[PDB]
Amino acid sequence: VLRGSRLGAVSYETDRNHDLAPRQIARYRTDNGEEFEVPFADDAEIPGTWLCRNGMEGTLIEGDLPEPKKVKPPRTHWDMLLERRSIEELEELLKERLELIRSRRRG
Amino acid sequence: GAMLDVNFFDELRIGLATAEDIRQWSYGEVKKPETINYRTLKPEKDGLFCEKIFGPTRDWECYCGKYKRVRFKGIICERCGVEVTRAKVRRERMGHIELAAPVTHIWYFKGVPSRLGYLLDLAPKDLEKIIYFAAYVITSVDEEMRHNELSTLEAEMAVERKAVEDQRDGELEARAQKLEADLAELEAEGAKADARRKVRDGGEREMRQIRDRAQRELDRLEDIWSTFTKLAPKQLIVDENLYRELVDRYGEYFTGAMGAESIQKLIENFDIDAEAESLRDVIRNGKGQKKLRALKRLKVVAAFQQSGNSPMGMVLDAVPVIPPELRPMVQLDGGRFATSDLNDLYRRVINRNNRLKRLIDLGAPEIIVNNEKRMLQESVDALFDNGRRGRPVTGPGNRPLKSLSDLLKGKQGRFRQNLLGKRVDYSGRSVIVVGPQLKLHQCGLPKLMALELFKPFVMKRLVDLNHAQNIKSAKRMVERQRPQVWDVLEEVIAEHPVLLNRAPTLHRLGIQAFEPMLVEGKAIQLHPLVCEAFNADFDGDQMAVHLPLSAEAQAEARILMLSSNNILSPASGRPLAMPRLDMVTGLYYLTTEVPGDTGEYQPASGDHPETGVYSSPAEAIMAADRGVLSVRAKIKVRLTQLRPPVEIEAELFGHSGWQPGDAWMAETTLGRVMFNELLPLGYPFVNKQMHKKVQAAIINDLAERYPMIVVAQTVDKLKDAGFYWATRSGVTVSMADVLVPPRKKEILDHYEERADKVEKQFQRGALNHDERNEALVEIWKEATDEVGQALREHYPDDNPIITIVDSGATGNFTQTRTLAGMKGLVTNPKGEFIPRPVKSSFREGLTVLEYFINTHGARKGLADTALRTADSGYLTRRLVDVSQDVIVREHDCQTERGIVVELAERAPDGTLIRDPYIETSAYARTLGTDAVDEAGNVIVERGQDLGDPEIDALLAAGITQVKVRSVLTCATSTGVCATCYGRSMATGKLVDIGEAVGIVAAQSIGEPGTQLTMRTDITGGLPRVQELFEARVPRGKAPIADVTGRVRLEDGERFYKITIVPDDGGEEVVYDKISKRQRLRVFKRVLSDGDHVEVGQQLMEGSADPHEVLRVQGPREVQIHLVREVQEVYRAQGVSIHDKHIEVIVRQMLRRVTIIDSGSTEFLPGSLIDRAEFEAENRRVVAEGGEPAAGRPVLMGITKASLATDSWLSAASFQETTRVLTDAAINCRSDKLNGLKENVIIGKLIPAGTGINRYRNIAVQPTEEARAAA
DNA sequence: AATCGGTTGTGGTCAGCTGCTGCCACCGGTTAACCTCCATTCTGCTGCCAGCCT
DNA sequence: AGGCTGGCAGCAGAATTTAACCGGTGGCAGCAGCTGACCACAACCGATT
Ligand SMILES: [Mg+2]
Ligand SMILES: [Zn+2]
Ligand SMILES: [Zn+2]
């Protein structure tokens, strides 16, 4: 007889409704103007950004945090070009191509 | 509306989800193709099993374990984001995938008819090329700019063509210069006169090919110009280079694209009202292929118009993701994992979507980007419906993956595997044996099965009697089977019914409720009278046992379906709990009378008195205990406690009153007295010999005239006496009982000479091969009949073989003939007879070649029995689905309509020969008009049940026809009324006001499958019934006449052609292509030329089709035709159904009308609508005007009528689930859950039986006297 | 004499971070002779081509 | 001179070949170095009947 478990637990408690811990509600806003409410615990530090139900990050609605900065890509095609060429070599190549298009169109 | 589903539903509505609906159901976007960690086996963030999206895996914990009780309930952890709540929300929360390119839904593109193609007016081949990136489509064009720059662009094209031709002119000059140089360098030097022309021929070839290059380039330029001048939207451009030339030269003035984003721009620029108006103008004015195509288009255009649906929901911008525990990943024993085939399809969608996002932000060329988009489209198609378009995606082992539409369709889908029938708790099964000591309401339940079924009841009772301290030790006592457990189990099993079921359940008496009593051993003991109902013998059969739990379920098992409350068969009313086989041999032996037997009545005088006369049956029993009397010798008894018959009672006793204790003298046998003491006290003395027909007539009379408890006790007494006198009866088989006829050699020699004569005539060449076979088959059929007759004359009347056949117990005489006698002709693997017979009996022993020939027919019979069982099951399923909404809703619709029944046609000599099928036509029916004689006094008045006394009174008064109420003519809006249906055949009284008479009709028709054989090109068995109920044009279709007139039997080239010249002076009716395989119709002699025919006269011989009887003759004459033709199949096998079970089915085929003119109100022509609402939309229109619709009757099949129903949820579970769901969504249909099948699926009380408001809302209280006096 | 609550001498003790100090999984980028295309049956729809009509 | 409609035939759906460096960072995992509260056996008191 095969016996499998989806790896989780089942607890035997009475689901009450009255003596519950206090909660505070934050409100976030994504870059297309949507708004979401998240119930955090009362004794807990509210984060600056939150991944909402659209799958896009939303910033906290209260104007306090100067947090996000640049995390720029160090790898573009210009960076890969620059690590194997020099400025004078690229300038020579550019000027040779300019002279060829002058000789082609104008002459 | 409701979302938690607390069971007050009014409706279930289906529609077409847009992207805002999808990303409003979702709890988060899944954006990684990850499932669980390979090391810790816990879910991965943003993956397919994510807890931040789908809820936590453990009850009331977060993912990082920071919050871990019900004190923190409903908060979200600020670290991992998991809301701490129950773990069963992972069966309820959906997520979504946000696509990087739009995708079409496969259901609205592919499946015939293409709904996207019908809406946009594109062919499916031209739509596949667009949405799978093989062609372009013009989404828009600009007409003002084109019309104002057409002249300037024409000037530009003429300038460029002038430049091309001037280039060819320059080439003409240059090659002319080279040609003149060739002339000067060839003519002035000595060479061959032909070789000086070869170089100029090559030059002329160069000129021809160069001007051909110029001509082809000019033709390409003309093609570009004509393509731009004839540019319109929805116009495909294959030839990528032609499209590139168009966007190069005239890049303004139009736009184009490939794929589902172009399809969605075409749907954005779509005017539904204007398109519907132009389609309605076409269907009003034009005709032909244009009108038929416009009708088929207007179905889906009007569906999108008349609702609130927008057609933009057929292209996908987001894809919903099913919750994780409906596609689980389970860890087996031994650490192995098993997963659910939808994770692979979802992972393909996420992998290709993420790679497409990478390519778009990388800036890749369009070859790579379009290949990625086409792959994304095919992966979403394989998710929704795998293998519908192309090859299916396979897993390991070349096994196709199981997609989302495979979870719903088929015999193993959701609807039929898990919703309409389930596996149940409190449920056992064992193998049945015979229980001849039981009463009819009892079963023997083995104690080891009863202890497991009744386990909570016995645990409760063990705690209550202080045998156990608590439920844990009581459960241990039951598991270890202590000796107190059996003493308790008797107490808890007393008076608690169980339901016993034997599969397949062909009719409703295949589930019956019995009062169990414990037996030792491991087999169920079934009463020997319920085996005909269950269709059970004891060669290894098994039964299932179910336990009813609540008070209502116990009351239903005790009242509605107790076994002694169901004696009569609900199809014909014949008794089913009747004596059979051994109880028939015993009562036939007991009640037969043997002349010359021991201690007979002598009339003697002269020396001594009579000496056969007994003063009581006690004295006769004492004389039979001595060896002085036989139980089958004719005596004269004096009876005092048995009622005399009607003639003797009338003569001897007075105005009334036999009055028990009054003595009369009977002239009978002692075994007949012993039989008549088992019948009720007031039942008159029978004095007949008990064939099975005689016993069935007695039990029918008892069931009509006495209560149900009296009938059940009487059949148990007959069971006992039959079994006793069966073992004292002397029926055995030896080989000396299988007598052989003493003339068999003479008979077979006399017919062997005739067969030899026919064979020598074939050898001389006088007759062909086939006519020789026909002569031989007729010779050996006569020989088989003569051998059987000589055998029947040879056997004595008290042989055991003859007695078992002749008492009606079992068997028939053709088996006796093949056992002793001659097997006869046997068939081929095809089915034709073989012209050499089997001349040996099985008593003699067949030879090697006779045995090998006999096995062909034996195996074909067994295989056909298997196939017939499957086909009868399929027919019963269709009949249940068509007629499940015919339930009794009323007592009297008070209509004055009815049908005329035939009732003993009148002989020319002058008498009333009774109709042979009058028990299935005119009994059990309510009279509709008063039945008078010569307009005199009424005999049977209106509203009477038409039983045996009424039919006898009508035939004595000389009435051949009555008008009875029928369900074909019922006036009730929903369902039928009880007066029109009439008597319930199982109870013998008028039918109740909640009965599911259509389920009863479907099972009454479909249970006598498997005994409906074709014969020994007209269909004749169960294939004949499946084509009358499906309203097909038959195989051997014979024409019927259209109008009264005279005939023209023209014999054409080797086959007929029939023309009817009407008596009204109208045009002639011509039946053209009639093959001569079918013969002409005979009536009273064959149809000859120059004969007069009636309006419904069948001209050839064969099956008339029902669709033409309805057109020519009317809706009444197709009800007479369809009911009679179904019953001819059943009556040929000796099967009794009442006609009211076929008129319940036939009424559901004629529910509708077909529209032949729209009139003024919303009815597209050619569509079939219900007749009740065809007339509710005509009284609304002959008010406020005079412009009704016109409708003609239709006849439908049982498959076509039950898929065109108002409930999408019961039509999707019948068959064609994908087609039903894909236009219930387009029409935005709503389901009011009125039916019998939609209440089973969603789990509430069916609207029939005890589940209707009349019975369900009964208020019970003690009466005032009984309350205060206790 | 007890009896319900404090004080605590003193000895383990027990896990809860806290550094802390490796150390080990995990993920991204790189590599430069040359060699370039995978059963049967019923029903309905859609496309084919001759055949009269203006 | 062309054209758009009639059978007509074909097709689809549904039922019973090959690997390796290198950087760098976050997670793991184990273990003194405090704890800092916990536990406990035993003994010493604060009135109070
Ligand atoms: Mg059996
Ligand atoms: Zn958490
Ligand atoms: Zn009625």
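The sequence lines fix the lettering, A, B, ..., with proteins before strands; numbering per chain opens at 1. Keep in mind that the numbers below use all heavy atoms, side chains included, and drop hydrogens, waters and symmetry copies.
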Trainee: Where does DNA chain C form stems of at least three consecutive Watson-Crick or G-U wobble pairs, each pair having both distances below 3.5 Å?
Mentor: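 Stems found: C:1-7 with D:43-49, C:9-31 with D:19-41, C:39-54 with D:1-16.
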
Trainee: Name all residues meeting the ring-ring contact (aromatic ring centres under 6.0 Å, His included) criterion together with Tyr108(B); count only those two or more places apart in sequence or in a different chain, and write none if there are none.
Mentor: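 With neighbours one apart ignored, the set is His105(B).
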
Trainee: What pairs with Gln1011(B) under side chain to side chain contact (heavy atoms under 4.5 Å, CB included), at least two apart in sequence or on another chain?
Mentor: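 Testing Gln1011(B) for side chain to side chain contact (heavy atoms under 4.5 Å, CB included), a comparison that skips the adjacent residues, returns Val1135(B).
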
Trainee: Under the side chain to side chain contact (heavy atoms under 4.5 Å, CB included) rule, collect the residues that match up with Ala123(B), sequence neighbours excluded.
Mentor: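 Counting only residues at least two positions away or on another chain, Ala123(B) forms a side chain to side chain contact (heavy atoms under 4.5 Å, CB included) with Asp126(B).
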
Trainee: Just jot down the side chain to side chain contact (heavy atoms under 4.5 Å, CB included) partners of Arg58(B), sequence neighbours excluded, or say none.
Mentor: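 Scan of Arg58(B) (side chain to side chain contact (heavy atoms under 4.5 Å, CB included), adjacent residues dropped) gives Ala9(A), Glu61(B).
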
Trainee: Ignoring hydrogens and angles, write down the donor-acceptor pairs under 3.5 Å from the side chains of residues 1212-1220 of chain B, residues two or more places apart or on other chains.
Mentor:
from, atom 1, to, atom 2, distance (Å)
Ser1213(B), OG, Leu1209(B), O, 3.2
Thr1217(B), OG1, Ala1212(B), O, 2.3

Trainee: Measure all distances between protein nitrogen or oxygen atoms and nitrogen or oxygen atoms of nucleotides 10-15 of chain D, and list the pairs falling under 3.5 Å.
Mentor:
from, atom 1, to, atom 2, distance (Å)
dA15(D), OP1, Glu1216(B), N, 2.9

Trainee: Among residues 359-384 of chain B, which contact DNA chain D at a heavy-atom distance under 4.0 Å?
Mentor: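 None - not one residue of the stretch has a heavy atom sitting under 4.0 Å from the strand.
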
Trainee: Sequence neighbours left out, what passes side chain to side chain contact (heavy atoms under 4.5 Å, CB included) with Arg1229(B)? Give chain and number order.
Mentor: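 By the side chain to side chain contact (heavy atoms under 4.5 Å, CB included) rule, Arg1229(B) matches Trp1208(B), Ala1224(B), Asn1227(B).
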
Trainee: Return the set of residues passing ring-ring contact (aromatic ring centres under 6.0 Å, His included) with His1107(B) (not counting sequence neighbours), or none when no residue passes.
Mentor: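 With neighbours one apart ignored, the set is empty.
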
Trainee: What nitrogen or oxygen pairs link the protein and nucleotides 26-32 of chain C at under 3.5 Å?
Mentor:
from, atom 1, to, atom 2, distance (Å)
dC26(C), OP2, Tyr38(B), OH, 2.8

Trainee: Looking at residues at least two apart in the chain, or sitting in another chain, which of them share a ring-ring contact (aromatic ring centres under 6.0 Å, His included) with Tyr63(B)?
Mentor: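 Listed in chain order: nothing, the list is empty.
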
Trainee: If you pin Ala123(B) and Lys1200(B) to their nearest nucleotides in DNA chain C, which one's is more 5'?
Mentor: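 Going by which nucleotide is closer to the 5' end, it is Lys1200(B).
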
